[PDB]
2 protein chains.
Amino acid sequence: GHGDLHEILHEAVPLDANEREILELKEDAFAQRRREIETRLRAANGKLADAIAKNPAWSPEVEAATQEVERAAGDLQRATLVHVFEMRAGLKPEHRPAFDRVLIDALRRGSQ
Amino acid sequence: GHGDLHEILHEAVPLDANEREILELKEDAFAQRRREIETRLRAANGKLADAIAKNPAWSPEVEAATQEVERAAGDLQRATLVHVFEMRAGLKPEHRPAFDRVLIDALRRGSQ
Ligand SMILES: [Cl-]
Ligand SMILES: [Cl-]
Ligand SMILES: [Cl-]
Ligand SMILES: [Cl-]
Ligand SMILES: [K+]
Ligand SMILES: [K+]
Ligand code: NI
Ligand code: NI
């Protein structure tokens, strides 16, 4: 699937009042990072479209753009999962098993 | 976005009767290949979920599973685009510009 892992967790197992206070800095930092990587992904998609518009064949331009798409997507996957682990570190320990239930099940469905 | 590039093209700019005859072998080969890579992707997602269920931290298991997910996703992206180019080779030349319009626009939206 194509689930939004970060959103799934904040919606299904929301932070409590104190956890939200604790996590606010790291949540903001991640929001900025997600936006930056998404800007790169959109730009890479645009380079791939441009390449195929110019010359609709595998080509150096397609090879480079495909790699750039892949790299941005992987950066986003990894950054998101690192931030999921930040969230878990900021939870009260007793909240971690429910968080993990949602996380595990969502990962198995391909959420990222 | 998360568009299904292959489906978008077959639905919006379907093959004509003779093109469909010409392309049937390669379409079947691609259907089998897509299924194989998707099976690998589902398995990788399951290894990632398993790893986090065991030990919810970045870990060798998470590193390996993340890489395996990435590899399968990239294999699927590339295989799909190679097959899109197979489709284009099997079109009557006069059908290629409409095909390309749909392809370019969909790529710019992140369809894969
Ligand atoms: Cl929340
Ligand atoms: Cl819990
Ligand atoms: Cl078709
Ligand atoms: Cl045309
Ligand atoms: K993930
Ligand atoms: K693509
Ligand atoms: Ni968060
Ligand atoms: Ni096809």
# chains A, B, ... in the order shown; residues from 1 in each chain; ligands from 1
$ residues_near_ligand --ligand "ligand 7" --cutoff "7 Å" --atoms "only C-alpha atoms and all ligand atoms" --output "VMD selection string"
chain A and resid 6 10 27 83 to 84 87
$ write_last_selection --atoms "N, CA and C atoms" --output "PDB file, in the first residue's frame"
ATOM      1  N   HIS A   6       3.417   8.337   9.215  1.00  0.00           N
ATOM      2  CA  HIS A   6       3.477   9.386  10.235  1.00  0.00           C
ATOM      3  C   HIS A   6       2.082   9.854  10.641  1.00  0.00           C
ATOM      4  N   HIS A  10       0.057   9.612  14.348  1.00  0.00           N
ATOM      5  CA  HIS A  10      -0.454  10.765  15.072  1.00  0.00           C
ATOM      6  C   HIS A  10      -1.960  10.735  15.199  1.00  0.00           C
ATOM      7  N   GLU A  27       9.019  17.387  16.290  1.00  0.00           N
ATOM      8  CA  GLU A  27       7.933  17.341  15.311  1.00  0.00           C
ATOM      9  C   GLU A  27       8.106  18.437  14.286  1.00  0.00           C
ATOM     10  N   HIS A  83      12.185   9.590  12.571  1.00  0.00           N
ATOM     11  CA  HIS A  83      11.292  10.409  13.382  1.00  0.00           C
ATOM     12  C   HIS A  83      10.244   9.574  14.136  1.00  0.00           C
ATOM     13  N   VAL A  84       9.754   8.491  13.558  1.00  0.00           N
ATOM     14  CA  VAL A  84       8.881   7.567  14.287  1.00  0.00           C
ATOM     15  C   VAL A  84       9.603   7.074  15.537  1.00  0.00           C
ATOM     16  N   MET A  87       9.582   9.795  18.085  1.00  0.00           N
ATOM     17  CA  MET A  87       8.306   9.822  18.767  1.00  0.00           C
ATOM     18  C   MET A  87       8.264   8.768  19.884  1.00  0.00           C
TER      19      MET A  87
END
$ residues_near_ligand --ligand "ligand 1" --cutoff "7 Å" --atoms "only C-alpha atoms and all ligand atoms" --output "VMD selection string"
chain A and resid 10 to 11 13 to 15 20
$ residues_near_ligand --ligand "ligand 6" --cutoff "6 Å" --atoms "only C-alpha atoms and all ligand atoms" --output "ChimeraX atom specification"
/B:77,81,112
$ closest_atom_pairs --of "chain A" --to "ligand 2" --cutoff "6 Å" --atoms "only C-alpha atoms and all ligand atoms" --output "Markdown table"
| residue | atom | partner | partner_atom_place_in_ligand_line | distance |
| --- | --- | --- | --- | --- |
| A:94 | CA | ligand 2 | 1 (Cl) | 5.1 |
| A:95 | CA | ligand 2 | 1 (Cl) | 3.8 |
| A:96 | CA | ligand 2 | 1 (Cl) | 5.2 |
| A:97 | CA | ligand 2 | 1 (Cl) | 4.2 |
| A:98 | CA | ligand 2 | 1 (Cl) | 3.8 |
$ write_last_selection --atoms "N, CA, C and O atoms" --output "tab-separated table (two decimals), in the first residue's frame"
chain	number	residue	atom	x	y	z
A	94	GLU	N	4.75	3.35	29.05
A	94	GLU	CA	3.52	2.56	29.01
A	94	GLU	C	2.71	2.78	27.75
A	94	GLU	O	1.82	1.99	27.46
A	95	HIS	N	2.95	3.88	27.03
A	95	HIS	CA	2.28	4.15	25.77
A	95	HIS	C	2.94	3.47	24.56
A	95	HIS	O	2.39	3.44	23.46
A	96	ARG	N	4.16	2.95	24.74
A	96	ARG	CA	4.91	2.42	23.62
A	96	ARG	C	4.29	1.15	23.02
A	96	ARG	O	4.32	1.03	21.80
A	97	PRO	N	3.69	0.23	23.81
A	97	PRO	CA	3.14	-0.96	23.14
A	97	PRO	C	2.00	-0.67	22.19
A	97	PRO	O	1.94	-1.30	21.14
A	98	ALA	N	1.10	0.24	22.51
A	98	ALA	CA	0.01	0.57	21.59
A	98	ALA	C	0.55	1.23	20.34
A	98	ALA	O	0.08	0.98	19.22
$ calpha_fit_and_write --fixed "chain B" --moving "chain A" --output "PDB file with C-alpha atoms, in the first residue's frame"
ATOM      1  CA  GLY A   1       1.423  11.314  -6.004  1.00  0.00           C
ATOM      2  CA  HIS A   2       1.005   7.533  -6.097  1.00  0.00           C
ATOM      3  CA  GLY A   3      -0.546   6.980  -9.560  1.00  0.00           C
ATOM      4  CA  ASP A   4      -0.358   3.636 -11.334  1.00  0.00           C
ATOM      5  CA  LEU A   5       1.427   4.745 -14.518  1.00  0.00           C
ATOM      6  CA  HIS A   6       0.860   1.480 -16.393  1.00  0.00           C
ATOM      7  CA  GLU A   7      -2.864   1.435 -15.678  1.00  0.00           C
ATOM      8  CA  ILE A   8      -3.198   5.129 -16.450  1.00  0.00           C
ATOM      9  CA  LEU A   9      -1.782   4.553 -19.932  1.00  0.00           C
ATOM     10  CA  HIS A  10      -3.778   1.418 -20.779  1.00  0.00           C
ATOM     11  CA  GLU A  11      -6.992   3.128 -19.644  1.00  0.00           C
ATOM     12  CA  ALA A  12      -6.487   6.628 -21.139  1.00  0.00           C
ATOM     13  CA  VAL A  13      -4.706   5.732 -24.396  1.00  0.00           C
ATOM     14  CA  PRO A  14      -5.710   2.103 -24.961  1.00  0.00           C
ATOM     15  CA  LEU A  15      -4.050  -0.016 -27.618  1.00  0.00           C
ATOM     16  CA  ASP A  16      -5.905  -0.451 -30.896  1.00  0.00           C
ATOM     17  CA  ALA A  17      -6.835  -3.941 -32.085  1.00  0.00           C
ATOM     18  CA  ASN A  18      -3.633  -4.652 -33.967  1.00  0.00           C
ATOM     19  CA  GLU A  19      -1.425  -2.998 -31.341  1.00  0.00           C
ATOM     20  CA  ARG A  20      -3.047  -5.177 -28.689  1.00  0.00           C
ATOM     21  CA  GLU A  21      -2.190  -8.281 -30.765  1.00  0.00           C
ATOM     22  CA  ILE A  22       1.381  -7.117 -31.206  1.00  0.00           C
ATOM     23  CA  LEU A  23       1.905  -6.278 -27.569  1.00  0.00           C
ATOM     24  CA  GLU A  24       0.172  -9.287 -25.998  1.00  0.00           C
ATOM     25  CA  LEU A  25       3.415 -11.300 -25.323  1.00  0.00           C
ATOM     26  CA  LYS A  26       5.270  -8.393 -23.787  1.00  0.00           C
ATOM     27  CA  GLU A  27       2.183  -7.364 -21.773  1.00  0.00           C
ATOM     28  CA  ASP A  28       2.004 -10.875 -20.305  1.00  0.00           C
ATOM     29  CA  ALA A  29       5.699 -10.965 -19.567  1.00  0.00           C
ATOM     30  CA  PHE A  30       5.368  -7.630 -17.748  1.00  0.00           C
ATOM     31  CA  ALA A  31       2.311  -8.786 -15.786  1.00  0.00           C
ATOM     32  CA  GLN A  32       4.334 -11.724 -14.506  1.00  0.00           C
ATOM     33  CA  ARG A  33       7.328  -9.503 -13.702  1.00  0.00           C
ATOM     34  CA  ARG A  34       5.195  -6.922 -11.869  1.00  0.00           C
ATOM     35  CA  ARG A  35       3.666  -9.707  -9.787  1.00  0.00           C
ATOM     36  CA  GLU A  36       7.076 -11.150  -8.890  1.00  0.00           C
ATOM     37  CA  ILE A  37       8.478  -7.792  -7.795  1.00  0.00           C
ATOM     38  CA  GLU A  38       5.328  -6.980  -5.842  1.00  0.00           C
ATOM     39  CA  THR A  39       5.639 -10.317  -4.025  1.00  0.00           C
ATOM     40  CA  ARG A  40       9.193  -9.292  -3.080  1.00  0.00           C
ATOM     41  CA  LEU A  41       7.971  -5.864  -1.923  1.00  0.00           C
ATOM     42  CA  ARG A  42       5.286  -7.365   0.278  1.00  0.00           C
ATOM     43  CA  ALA A  43       7.862  -9.737   1.775  1.00  0.00           C
ATOM     44  CA  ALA A  44      10.260  -6.863   2.441  1.00  0.00           C
ATOM     45  CA  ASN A  45       7.517  -4.857   4.108  1.00  0.00           C
ATOM     46  CA  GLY A  46       6.831  -7.900   6.263  1.00  0.00           C
ATOM     47  CA  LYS A  47      10.556  -8.197   7.218  1.00  0.00           C
ATOM     48  CA  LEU A  48      10.571  -4.515   8.170  1.00  0.00           C
ATOM     49  CA  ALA A  49       7.458  -4.929  10.308  1.00  0.00           C
ATOM     50  CA  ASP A  50       8.961  -8.049  11.900  1.00  0.00           C
ATOM     51  CA  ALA A  51      12.206  -6.248  12.687  1.00  0.00           C
ATOM     52  CA  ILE A  52      10.427  -3.378  14.402  1.00  0.00           C
ATOM     53  CA  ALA A  53       8.131  -5.771  16.269  1.00  0.00           C
ATOM     54  CA  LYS A  54      11.219  -7.543  17.635  1.00  0.00           C
ATOM     55  CA  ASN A  55      13.280  -4.454  18.437  1.00  0.00           C
ATOM     56  CA  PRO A  56      11.714  -1.025  17.640  1.00  0.00           C
ATOM     57  CA  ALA A  57      14.893   0.840  16.820  1.00  0.00           C
ATOM     58  CA  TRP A  58      17.154   1.322  13.885  1.00  0.00           C
ATOM     59  CA  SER A  59      19.008  -1.920  13.795  1.00  0.00           C
ATOM     60  CA  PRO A  60      20.794  -4.164  11.405  1.00  0.00           C
ATOM     61  CA  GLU A  61      17.473  -5.869  10.717  1.00  0.00           C
ATOM     62  CA  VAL A  62      15.769  -2.522   9.997  1.00  0.00           C
ATOM     63  CA  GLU A  63      18.692  -1.409   7.828  1.00  0.00           C
ATOM     64  CA  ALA A  64      18.544  -4.602   5.775  1.00  0.00           C
ATOM     65  CA  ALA A  65      14.734  -4.599   5.453  1.00  0.00           C
ATOM     66  CA  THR A  66      14.639  -0.915   4.501  1.00  0.00           C
ATOM     67  CA  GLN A  67      17.244  -1.547   1.813  1.00  0.00           C
ATOM     68  CA  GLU A  68      15.260  -4.546   0.527  1.00  0.00           C
ATOM     69  CA  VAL A  69      12.060  -2.463   0.335  1.00  0.00           C
ATOM     70  CA  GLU A  70      13.984   0.279  -1.563  1.00  0.00           C
ATOM     71  CA  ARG A  71      15.501  -2.232  -3.956  1.00  0.00           C
ATOM     72  CA  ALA A  72      12.170  -3.857  -4.794  1.00  0.00           C
ATOM     73  CA  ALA A  73      10.452  -0.482  -5.221  1.00  0.00           C
ATOM     74  CA  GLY A  74      13.211   0.665  -7.552  1.00  0.00           C
ATOM     75  CA  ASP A  75      13.076  -2.600  -9.506  1.00  0.00           C
ATOM     76  CA  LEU A  76       9.351  -2.084  -9.962  1.00  0.00           C
ATOM     77  CA  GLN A  77       9.751   1.563 -11.044  1.00  0.00           C
ATOM     78  CA  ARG A  78      12.387   0.674 -13.600  1.00  0.00           C
ATOM     79  CA  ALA A  79      10.621  -2.437 -14.913  1.00  0.00           C
ATOM     80  CA  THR A  80       7.451  -0.459 -15.377  1.00  0.00           C
ATOM     81  CA  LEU A  81       9.137   2.308 -17.280  1.00  0.00           C
ATOM     82  CA  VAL A  82      11.003  -0.198 -19.499  1.00  0.00           C
ATOM     83  CA  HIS A  83       7.643  -1.787 -20.308  1.00  0.00           C
ATOM     84  CA  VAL A  84       6.115   1.660 -21.006  1.00  0.00           C
ATOM     85  CA  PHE A  85       8.869   2.064 -23.591  1.00  0.00           C
ATOM     86  CA  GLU A  86       8.008  -1.438 -24.966  1.00  0.00           C
ATOM     87  CA  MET A  87       4.435  -0.248 -25.367  1.00  0.00           C
ATOM     88  CA  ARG A  88       5.565   2.830 -27.222  1.00  0.00           C
ATOM     89  CA  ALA A  89       7.691   0.686 -29.601  1.00  0.00           C
ATOM     90  CA  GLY A  90       4.615  -1.401 -30.404  1.00  0.00           C
ATOM     91  CA  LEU A  91       2.381   1.560 -31.188  1.00  0.00           C
ATOM     92  CA  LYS A  92       1.709   2.853 -34.649  1.00  0.00           C
ATOM     93  CA  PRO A  93       4.006   5.925 -34.879  1.00  0.00           C
ATOM     94  CA  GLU A  94       1.023   8.271 -35.184  1.00  0.00           C
ATOM     95  CA  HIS A  95      -0.299   7.082 -31.803  1.00  0.00           C
ATOM     96  CA  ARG A  96       2.939   7.910 -29.960  1.00  0.00           C
ATOM     97  CA  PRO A  97       2.320  11.657 -29.358  1.00  0.00           C
ATOM     98  CA  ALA A  98      -0.955  11.105 -27.473  1.00  0.00           C
ATOM     99  CA  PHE A  99       0.671   8.314 -25.496  1.00  0.00           C
ATOM    100  CA  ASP A 100       3.531  10.652 -24.631  1.00  0.00           C
ATOM    101  CA  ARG A 101       1.157  13.438 -23.534  1.00  0.00           C
ATOM    102  CA  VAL A 102      -0.457  11.100 -21.005  1.00  0.00           C
ATOM    103  CA  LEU A 103       2.941   9.664 -19.951  1.00  0.00           C
ATOM    104  CA  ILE A 104       4.632  13.048 -19.455  1.00  0.00           C
ATOM    105  CA  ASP A 105       1.755  14.551 -17.516  1.00  0.00           C
ATOM    106  CA  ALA A 106       1.436  11.453 -15.307  1.00  0.00           C
ATOM    107  CA  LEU A 107       5.183  11.332 -14.582  1.00  0.00           C
ATOM    108  CA  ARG A 108       5.139  14.945 -13.501  1.00  0.00           C
ATOM    109  CA  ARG A 109       2.455  13.966 -10.873  1.00  0.00           C
ATOM    110  CA  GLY A 110       4.661  11.135  -9.575  1.00  0.00           C
ATOM    111  CA  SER A 111       2.890   8.222 -11.253  1.00  0.00           C
ATOM    112  CA  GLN A 112       5.099   5.113 -11.423  1.00  0.00           C
TER     113      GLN A 112
END
$ decode --residues "region 75-100 of chain A" --atoms "N, CA, C and O atoms" --output "compact mmCIF listing (two decimals), in the first residue's frame"
# COMPACT_ATOMS: atom_id res chain seq x y z
N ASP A 75 15.33 8.74 1.02
CA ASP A 75 15.58 9.73 2.07
C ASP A 75 14.32 9.99 2.89
O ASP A 75 14.38 10.10 4.12
N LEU A 76 13.18 10.07 2.23
CA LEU A 76 11.94 10.34 2.91
C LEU A 76 11.52 9.13 3.79
O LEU A 76 11.13 9.30 4.94
N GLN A 77 11.64 7.93 3.24
CA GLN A 77 11.34 6.73 4.00
C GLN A 77 12.15 6.66 5.28
O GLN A 77 11.66 6.42 6.37
N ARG A 78 13.46 6.85 5.13
CA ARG A 78 14.37 6.75 6.26
C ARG A 78 14.13 7.89 7.27
O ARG A 78 14.10 7.65 8.48
N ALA A 79 13.97 9.12 6.79
CA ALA A 79 13.76 10.22 7.70
C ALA A 79 12.49 10.02 8.51
O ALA A 79 12.42 10.33 9.70
N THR A 80 11.46 9.51 7.85
CA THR A 80 10.21 9.28 8.52
C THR A 80 10.37 8.23 9.60
O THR A 80 9.90 8.43 10.73
N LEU A 81 11.02 7.12 9.29
CA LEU A 81 11.17 6.10 10.28
C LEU A 81 12.07 6.55 11.46
O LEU A 81 11.78 6.26 12.62
N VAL A 82 13.13 7.33 11.18
CA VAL A 82 13.92 7.90 12.26
C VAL A 82 13.03 8.76 13.15
O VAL A 82 13.10 8.68 14.40
N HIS A 83 12.18 9.59 12.57
CA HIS A 83 11.29 10.41 13.38
C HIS A 83 10.24 9.57 14.14
O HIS A 83 9.91 9.90 15.27
N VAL A 84 9.75 8.49 13.56
CA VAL A 84 8.88 7.57 14.29
C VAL A 84 9.60 7.07 15.54
O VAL A 84 9.00 7.03 16.62
N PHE A 85 10.89 6.73 15.41
CA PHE A 85 11.64 6.32 16.58
C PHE A 85 11.84 7.48 17.57
O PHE A 85 11.84 7.26 18.80
N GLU A 86 11.99 8.72 17.08
CA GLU A 86 12.01 9.89 17.98
C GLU A 86 10.72 9.97 18.77
O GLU A 86 10.71 10.24 19.97
N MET A 87 9.58 9.80 18.08
CA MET A 87 8.31 9.82 18.77
C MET A 87 8.26 8.77 19.88
O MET A 87 7.86 9.06 21.01
N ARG A 88 8.70 7.55 19.58
CA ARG A 88 8.65 6.52 20.54
C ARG A 88 9.51 6.87 21.78
O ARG A 88 9.11 6.60 22.92
N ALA A 89 10.68 7.49 21.56
CA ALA A 89 11.55 7.89 22.66
C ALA A 89 10.92 8.91 23.55
O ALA A 89 11.23 8.93 24.74
N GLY A 90 10.03 9.76 23.02
CA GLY A 90 9.34 10.79 23.74
C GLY A 90 8.05 10.37 24.40
O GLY A 90 7.48 11.13 25.16
N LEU A 91 7.60 9.13 24.14
CA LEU A 91 6.41 8.62 24.80
C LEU A 91 6.72 8.18 26.22
O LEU A 91 7.81 7.70 26.53
N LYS A 92 5.71 8.27 27.07
CA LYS A 92 5.74 7.53 28.33
C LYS A 92 5.96 6.04 27.96
O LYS A 92 5.32 5.54 27.02
N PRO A 93 6.78 5.32 28.73
CA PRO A 93 7.03 3.91 28.37
C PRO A 93 5.75 3.10 28.21
O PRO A 93 5.68 2.25 27.31
N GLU A 94 4.75 3.35 29.05
CA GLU A 94 3.52 2.56 29.01
C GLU A 94 2.71 2.78 27.75
O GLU A 94 1.82 1.99 27.46
N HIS A 95 2.95 3.88 27.03
CA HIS A 95 2.28 4.15 25.77
C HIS A 95 2.94 3.47 24.56
O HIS A 95 2.39 3.44 23.46
N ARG A 96 4.16 2.95 24.74
CA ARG A 96 4.91 2.42 23.62
C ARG A 96 4.29 1.15 23.02
O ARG A 96 4.32 1.03 21.80
N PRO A 97 3.69 0.23 23.81
CA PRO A 97 3.14 -0.96 23.14
C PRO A 97 2.00 -0.67 22.19
O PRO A 97 1.94 -1.30 21.14
N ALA A 98 1.10 0.24 22.51
CA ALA A 98 0.01 0.57 21.59
C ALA A 98 0.55 1.23 20.34
O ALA A 98 0.08 0.98 19.22
N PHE A 99 1.54 2.11 20.53
CA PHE A 99 2.18 2.78 19.42
C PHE A 99 2.78 1.73 18.48
O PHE A 99 2.62 1.77 17.25
N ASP A 100 3.47 0.75 19.07
CA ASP A 100 4.11 -0.29 18.30
C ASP A 100 3.09 -1.14 17.57
O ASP A 100 3.31 -1.53 16.42
